[PDB]
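Text of query34.pdb, listed as PDB, C-alpha atoms:
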ATOM      1  CA  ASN W   6     -35.283 -31.558  23.418
ATOM      2  CA  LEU W   7     -34.883 -30.377  27.005
ATOM      3  CA  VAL W   8     -36.606 -27.230  28.246
ATOM      4  CA  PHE W   9     -34.405 -24.147  27.962
ATOM      5  CA  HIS W  10     -34.030 -22.488  31.371
ATOM      6  CA  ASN W  11     -33.397 -18.774  31.940
ATOM      7  CA  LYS W  12     -34.025 -18.623  35.714
ATOM      8  CA  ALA W  13     -32.215 -19.792  38.835
ATOM      9  CA  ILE W  14     -32.077 -23.540  39.489
ATOM     10  CA  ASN W  15     -32.266 -24.436  43.182
ATOM     11  CA  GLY W  16     -32.294 -27.884  44.780
ATOM     12  CA  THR W  17     -36.019 -28.457  44.284
ATOM     13  CA  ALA W  18     -35.693 -27.579  40.594
ATOM     14  CA  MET W  19     -32.894 -30.125  40.168
ATOM     15  CA  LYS W  20     -34.923 -32.738  42.054
ATOM     16  CA  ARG W  21     -37.949 -32.196  39.808
ATOM     17  CA  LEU W  22     -35.762 -32.222  36.687
ATOM     18  CA  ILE W  23     -34.180 -35.531  37.710
ATOM     19  CA  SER W  24     -37.582 -37.016  38.568
ATOM     20  CA  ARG W  25     -38.855 -36.044  35.113
ATOM     21  CA  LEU W  26     -35.744 -37.256  33.270
ATOM     22  CA  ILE W  27     -36.002 -40.646  34.994
ATOM     23  CA  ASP W  28     -39.547 -41.009  33.658
ATOM     24  CA  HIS W  29     -38.756 -39.635  30.186
ATOM     25  CA  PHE W  30     -35.335 -41.198  29.492
ATOM     26  CA  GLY W  31     -34.732 -43.835  32.172
ATOM     27  CA  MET W  32     -32.075 -44.466  34.779
ATOM     28  CA  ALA W  33     -29.378 -45.272  32.202
ATOM     29  CA  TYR W  34     -29.485 -41.839  30.558
ATOM     30  CA  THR W  35     -30.146 -40.083  33.873
ATOM     31  CA  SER W  36     -26.987 -41.514  35.457
ATOM     32  CA  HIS W  37     -24.744 -40.056  32.748
ATOM     33  CA  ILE W  38     -26.691 -36.777  32.705
ATOM     34  CA  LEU W  39     -26.260 -36.433  36.473
ATOM     35  CA  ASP W  40     -22.552 -37.265  36.209
ATOM     36  CA  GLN W  41     -22.049 -34.548  33.589
ATOM     37  CA  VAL W  42     -24.080 -32.070  35.659
ATOM     38  CA  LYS W  43     -21.886 -32.877  38.666
ATOM     39  CA  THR W  44     -18.729 -32.314  36.616
ATOM     40  CA  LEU W  45     -19.964 -28.973  35.269
ATOM     41  CA  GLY W  46     -21.096 -27.840  38.717
ATOM     42  CA  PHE W  47     -17.749 -28.707  40.289
ATOM     43  CA  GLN W  48     -15.921 -26.872  37.495
ATOM     44  CA  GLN W  49     -18.081 -23.761  37.883
ATOM     45  CA  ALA W  50     -17.846 -23.743  41.687
TER      46      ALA W  50
ATOM     47  CA  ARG L  54     -24.164 -33.687  15.271
ATOM     48  CA  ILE L  55     -22.028 -32.108  17.996
ATOM     49  CA  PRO L  56     -18.386 -31.941  16.826
ATOM     50  CA  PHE L  57     -16.731 -32.184  20.263
ATOM     51  CA  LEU L  58     -18.296 -35.401  21.519
ATOM     52  CA  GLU L  59     -15.767 -38.185  20.840
ATOM     53  CA  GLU L  60     -14.006 -37.858  24.207
ATOM     54  CA  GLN L  61     -16.994 -38.884  26.320
ATOM     55  CA  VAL L  62     -17.851 -41.645  23.831
ATOM     56  CA  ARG L  63     -14.360 -43.092  24.263
ATOM     57  CA  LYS L  64     -14.752 -42.669  28.027
ATOM     58  CA  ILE L  65     -18.022 -44.630  27.950
ATOM     59  CA  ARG L  66     -16.472 -47.384  25.835
ATOM     60  CA  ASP L  67     -13.357 -47.624  28.029
ATOM     61  CA  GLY L  68     -14.586 -47.170  31.605
ATOM     62  CA  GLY L  69     -17.199 -49.887  31.194
ATOM     63  CA  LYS L  70     -20.497 -48.017  30.992
ATOM     64  CA  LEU L  71     -21.632 -50.196  28.072
ATOM     65  CA  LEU L  72     -22.562 -53.015  30.462
ATOM     66  CA  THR L  73     -24.798 -50.708  32.509
ATOM     67  CA  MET L  74     -26.726 -49.939  29.317
ATOM     68  CA  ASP L  75     -26.806 -53.555  28.126
ATOM     69  CA  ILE L  76     -28.243 -54.824  31.423
ATOM     70  CA  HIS L  77     -30.987 -52.191  31.350
ATOM     71  CA  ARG L  78     -31.755 -53.013  27.710
ATOM     72  CA  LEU L  79     -31.981 -56.742  28.446
ATOM     73  CA  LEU L  80     -34.266 -56.062  31.426
ATOM     74  CA  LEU L  81     -36.792 -54.501  29.006
ATOM     75  CA  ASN L  82     -38.110 -57.821  27.640
ATOM     76  CA  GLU L  83     -38.414 -59.805  30.897
ATOM     77  CA  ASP L  84     -41.274 -59.454  33.367
ATOM     78  CA  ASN L  85     -39.474 -60.552  36.542
ATOM     79  CA  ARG L  86     -35.921 -59.363  37.160
ATOM     80  CA  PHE L  87     -35.249 -62.495  39.254
ATOM     81  CA  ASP L  88     -35.977 -65.150  36.629
ATOM     82  CA  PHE L  89     -33.586 -63.276  34.332
ATOM     83  CA  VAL L  90     -30.842 -63.463  36.971
ATOM     84  CA  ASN L  91     -31.541 -67.169  37.482
ATOM     85  CA  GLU L  92     -31.413 -67.829  33.730
ATOM     86  CA  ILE L  93     -28.125 -65.950  33.341
ATOM     87  CA  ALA L  94     -26.634 -67.846  36.290
ATOM     88  CA  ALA L  95     -27.751 -71.185  34.838
ATOM     89  CA  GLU L  96     -26.335 -70.334  31.406
ATOM     90  CA  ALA L  97     -23.035 -69.220  32.950
ATOM     91  CA  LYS L  98     -22.832 -72.443  34.966
ATOM     92  CA  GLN L  99     -23.523 -74.531  31.858
ATOM     93  CA  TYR L 100     -20.873 -72.603  29.916
ATOM     94  CA  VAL L 101     -18.247 -72.928  32.665
ATOM     95  CA  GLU L 102     -18.945 -76.647  33.178
ATOM     96  CA  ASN L 103     -18.033 -77.476  29.567
ATOM     97  CA  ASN L 104     -14.655 -75.701  29.413
ATOM     98  CA  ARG L 105     -13.118 -74.588  32.706
ATOM     99  CA  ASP L 106     -10.240 -72.461  31.409
ATOM    100  CA  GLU L 107     -12.070 -71.441  28.209
ATOM    101  CA  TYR L 108     -14.926 -69.646  29.975
ATOM    102  CA  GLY L 109     -14.466 -66.678  27.630
ATOM    103  CA  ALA L 110     -12.036 -63.778  27.586
ATOM    104  CA  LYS L 111     -11.803 -63.314  31.364
ATOM    105  CA  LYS L 112     -15.109 -64.446  32.913
ATOM    106  CA  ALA L 113     -18.286 -66.271  31.883
ATOM    107  CA  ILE L 114     -21.047 -63.863  32.954
ATOM    108  CA  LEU L 115     -19.607 -61.097  30.781
ATOM    109  CA  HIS L 116     -19.225 -63.669  28.001
ATOM    110  CA  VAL L 117     -22.881 -64.708  28.316
ATOM    111  CA  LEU L 118     -23.998 -61.071  28.245
ATOM    112  CA  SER L 119     -21.833 -60.355  25.193
ATOM    113  CA  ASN L 120     -23.287 -63.396  23.421
ATOM    114  CA  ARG L 121     -26.811 -62.250  24.282
ATOM    115  CA  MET L 122     -26.084 -58.734  23.000
ATOM    116  CA  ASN L 123     -24.436 -59.961  19.784
ATOM    117  CA  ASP L 124     -27.471 -62.097  18.879
ATOM    118  CA  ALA L 125     -29.686 -58.982  18.890
ATOM    119  CA  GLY L 126     -27.715 -56.922  16.365
ATOM    120  CA  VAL L 127     -25.423 -54.966  18.716
ATOM    121  CA  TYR L 128     -21.696 -55.545  18.259
ATOM    122  CA  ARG L 129     -19.976 -55.949  21.631
ATOM    123  CA  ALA L 130     -16.473 -56.973  22.640
ATOM    124  CA  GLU L 131     -15.617 -60.471  23.848
ATOM    125  CA  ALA L 132     -16.635 -60.446  27.536
ATOM    126  CA  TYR L 133     -16.320 -56.630  27.482
ATOM    127  CA  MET L 134     -12.509 -56.713  27.444
ATOM    128  CA  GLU L 135     -10.649 -53.994  25.521
ATOM    129  CA  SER L 136      -7.081 -53.362  26.654
ATOM    130  CA  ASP L 137      -5.415 -49.966  26.311
ATOM    131  CA  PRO L 138      -3.029 -49.931  23.305
ATOM    132  CA  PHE L 139      -1.280 -46.865  24.795
ATOM    133  CA  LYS L 140       0.253 -48.611  27.822
ATOM    134  CA  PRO L 141       4.101 -48.479  27.790
TER     135      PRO L 141
ATOM    136  CA  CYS D 631      20.665 -18.483  87.246
ATOM    137  CA  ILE D 632      17.284 -20.099  87.901
ATOM    138  CA  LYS D 633      14.576 -19.968  90.562
ATOM    139  CA  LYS D 634      12.195 -22.572  91.938
ATOM    140  CA  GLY D 635       9.317 -23.040  89.513
ATOM    141  CA  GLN D 636      11.065 -21.943  86.308
ATOM    142  CA  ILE D 637      11.560 -24.189  83.292
ATOM    143  CA  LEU D 638      14.873 -26.020  82.928
ATOM    144  CA  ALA D 639      13.856 -28.437  80.155
ATOM    145  CA  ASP D 640      11.046 -28.512  77.607
ATOM    146  CA  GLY D 641       8.690 -31.406  76.877
ATOM    147  CA  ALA D 642       6.620 -33.132  74.228
ATOM    148  CA  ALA D 643       3.888 -31.033  72.587
ATOM    149  CA  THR D 644       5.258 -27.987  74.428
ATOM    150  CA  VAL D 645       7.550 -25.154  73.321
ATOM    151  CA  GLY D 646       8.472 -22.239  75.568
ATOM    152  CA  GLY D 647       6.189 -23.387  78.370
ATOM    153  CA  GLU D 648       3.018 -23.396  76.255
ATOM    154  CA  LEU D 649       0.930 -26.201  74.797
ATOM    155  CA  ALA D 650       1.754 -26.818  71.123
ATOM    156  CA  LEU D 651      -0.460 -29.455  69.489
ATOM    157  CA  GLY D 652      -0.213 -28.269  65.888
ATOM    158  CA  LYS D 653       1.419 -26.032  63.311
ATOM    159  CA  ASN D 654       0.531 -22.807  61.513
ATOM    160  CA  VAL D 655      -0.364 -23.273  57.840
ATOM    161  CA  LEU D 656      -1.635 -20.931  55.138
ATOM    162  CA  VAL D 657      -5.262 -21.813  54.398
ATOM    163  CA  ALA D 658      -7.782 -20.661  51.786
ATOM    164  CA  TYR D 659     -11.544 -21.291  51.880
ATOM    165  CA  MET D 660     -12.881 -22.167  48.422
ATOM    166  CA  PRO D 661     -14.383 -25.074  46.454
ATOM    167  CA  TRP D 662     -11.736 -26.949  44.458
ATOM    168  CA  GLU D 663     -12.877 -29.481  41.832
ATOM    169  CA  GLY D 664     -15.250 -31.184  44.266
ATOM    170  CA  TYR D 665     -12.408 -32.650  46.340
ATOM    171  CA  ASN D 666     -13.953 -30.798  49.310
ATOM    172  CA  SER D 667     -17.652 -31.213  48.528
ATOM    173  CA  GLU D 668     -18.085 -32.909  51.897
ATOM    174  CA  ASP D 669     -15.900 -32.095  54.895
ATOM    175  CA  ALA D 670     -12.531 -32.677  53.229
ATOM    176  CA  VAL D 671      -9.190 -30.901  52.866
ATOM    177  CA  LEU D 672      -6.902 -30.645  49.830
ATOM    178  CA  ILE D 673      -3.423 -30.097  51.261
ATOM    179  CA  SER D 674      -0.188 -29.109  49.545
ATOM    180  CA  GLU D 675       2.808 -31.390  49.094
ATOM    181  CA  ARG D 676       5.035 -29.038  51.114
ATOM    182  CA  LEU D 677       3.712 -30.582  54.344
ATOM    183  CA  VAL D 678       5.254 -33.928  53.321
ATOM    184  CA  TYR D 679       8.872 -33.070  52.473
ATOM    185  CA  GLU D 680       9.297 -30.227  54.999
ATOM    186  CA  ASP D 681       8.581 -32.419  58.067
ATOM    187  CA  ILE D 682       5.638 -30.306  59.230
ATOM    188  CA  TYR D 683       3.051 -32.901  60.311
ATOM    189  CA  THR D 684       5.497 -35.740  61.005
ATOM    190  CA  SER D 685       4.960 -37.700  64.215
ATOM    191  CA  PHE D 686       6.469 -40.678  66.030
ATOM    192  CA  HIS D 687       4.609 -43.734  67.323
ATOM    193  CA  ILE D 688       5.976 -46.508  69.551
ATOM    194  CA  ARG D 689       4.189 -49.850  69.910
ATOM    195  CA  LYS D 690       5.168 -52.754  72.157
ATOM    196  CA  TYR D 691       4.757 -56.491  71.641
TER     197      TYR D 691
END

Would you mind giving the structure from this file in C-alpha cells?
Amino acid sequence: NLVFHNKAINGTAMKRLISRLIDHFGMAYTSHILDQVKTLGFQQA
Amino acid sequence: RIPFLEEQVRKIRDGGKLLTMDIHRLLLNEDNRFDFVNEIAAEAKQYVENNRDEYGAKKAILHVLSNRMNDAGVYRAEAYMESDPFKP
Amino acid sequence: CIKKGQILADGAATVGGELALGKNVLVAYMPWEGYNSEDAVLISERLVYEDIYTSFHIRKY
C-alpha cells in the first residue's frame, strides 16, 4: 500500500520515506525494506 | 500473492532473521526493555542450572526464546537451529 | 666504457635510473555490485599469479 512514485528520489526523499516507514511498519520491516532497496540500488548502479 | 517470493523467504528462514522479528514481537507486551532482559537471563540461568549439557539444541537463550514463541502459537525451531541438508 | 657519474648497477625500487614504486595496470571507473561503495577497489586475479604486486619483507629477532 506504498505510495507510487513517478518523480526523482533524492537523499532527502529516501530519508523521509524511511522515517515514515519506521513509524508505519516498525524497525523490523524497515530493516528488510532497506536491505532490498540497497540490493536493487547496487544492481542498478 | 507474488509468485517469485520463495527465495527471500528461505533466505529469512536460513540466515537467522526470524530472531530479529521474534525479539521485536516479544518487546511489544513489556513496558521496560530492561526487566525483560533480566527475566530472560534469570530463566536461562534456571534452565542451565538444571541440566548443564542439555541446555537445548546449542544454547539456552535461544531455547528460552523458542519456548516463549511456541507458547504463543508461532512454530519455531529448537533454539533456532536448522542445518543445511545440501552440505556435501 | 663508462664515465664518472653514470650508472653501473641498479637498485631497489629503481629501474633505468628512475624511481619505480609501482606498476601499470588497466583500470576502469564504475560502480560494481557495491564492492566499491566506499573507497574500495575490486582487483583482478591476474595480479596474484603473475607476480605483479609481490614484495619481500625481512624481519629480525

Selection result of the PyMOL selection byres ((chain W and resi 30-47) around 8) on this file, as a list in words: residues 23, 26, 27, 28, 29, 48, 49 and 50 of chain W; 73, 74 and 77 of chain L; 661, 662, 663 and 664 of chain D

Would you output that residue set with C-alpha atoms, as a compact mmCIF listing (two decimals), keeping the file's coordinate frame?
# COMPACT_ATOMS: atom_id res chain seq x y z
CA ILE W 23 -34.18 -35.53 37.71
CA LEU W 26 -35.74 -37.26 33.27
CA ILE W 27 -36.00 -40.65 34.99
CA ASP W 28 -39.55 -41.01 33.66
CA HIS W 29 -38.76 -39.64 30.19
CA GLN W 48 -15.92 -26.87 37.49
CA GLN W 49 -18.08 -23.76 37.88
CA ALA W 50 -17.85 -23.74 41.69
CA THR L 73 -24.80 -50.71 32.51
CA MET L 74 -26.73 -49.94 29.32
CA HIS L 77 -30.99 -52.19 31.35
CA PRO D 661 -14.38 -25.07 46.45
CA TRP D 662 -11.74 -26.95 44.46
CA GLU D 663 -12.88 -29.48 41.83
CA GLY D 664 -15.25 -31.18 44.27

Just want the 10 Å neighbourhood of region 136-140 of chain L, counted on only C-alpha atoms, with same-chain residues fewer than 2 positions away dropped. Output as a PyMOL selection string. chain L and resi 67+133-134

Compare D:633, D:655, D:684, D:660 by their minimum atom-to-atom distance to chain W, counting all atoms listed in the file, and give me the closest one.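 Using all atoms listed in the file, the shortest distance to chain W belongs to D:660.
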
Please write the residues picked by the PyMOL selection byres ((chain D and resi 683) around 12) on this file as JSON, numbers by chain. {"D": [651, 652, 653, 654, 655, 673, 674, 675, 676, 677, 678, 679, 680, 681, 682, 684, 685, 686]}

Give the residues of chain L that lie within 12 Å of chain W; count only C-alpha atoms, and format the answer as a PyMOL selection string. chain L and resi 61-62+64-65+70-78+80-81

Listed atoms of region 654-666 of chain D boxed along x, y and z, 8 Å each side, centre and edge lengths in Å, one decimal, as AutoDock Vina command-line options:
--center_x -7.4 --center_y -26.7 --center_z 51.7 --size_x 31.8 --size_y 28.0 --size_z 35.7

re CA of residue 631 (chain D) and CA of residue 648 (chain D): distance 21.4 Å

When you draw a straight line from CA of residue 127 (chain L) to CA of residue 79 (chain L), how long is it in Å?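 A separation of 11.9 Å between them.
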
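Atom pair CA of residue 117 (chain L) / CA of residue 94 (chain L) has a distance of 9.4 Å (rounded to one decimal).
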
Between D:691, D:638, D:632, D:667, which one has atoms that come closest to chain W, using all atoms listed in the file?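 Result for the nearest residue to chain W: D:667.
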
Min atom-atom distance to chain W from the set D:666, D:672, D:689, D:649, counting only C-alpha atoms, belongs to D:666

Neighbour list for residue 10 (chain W) as a ChimeraX atom specification, cut-off 12 Å, all atoms listed in the file, skip fewer than 6 positions in-chain: /W:18-19,22

From L:105, L:111, L:86, L:66, residue lying nearest residue 129 (chain L) [all atoms listed in the file]: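 Result for the nearest residue to residue 129 (chain L): L:66.
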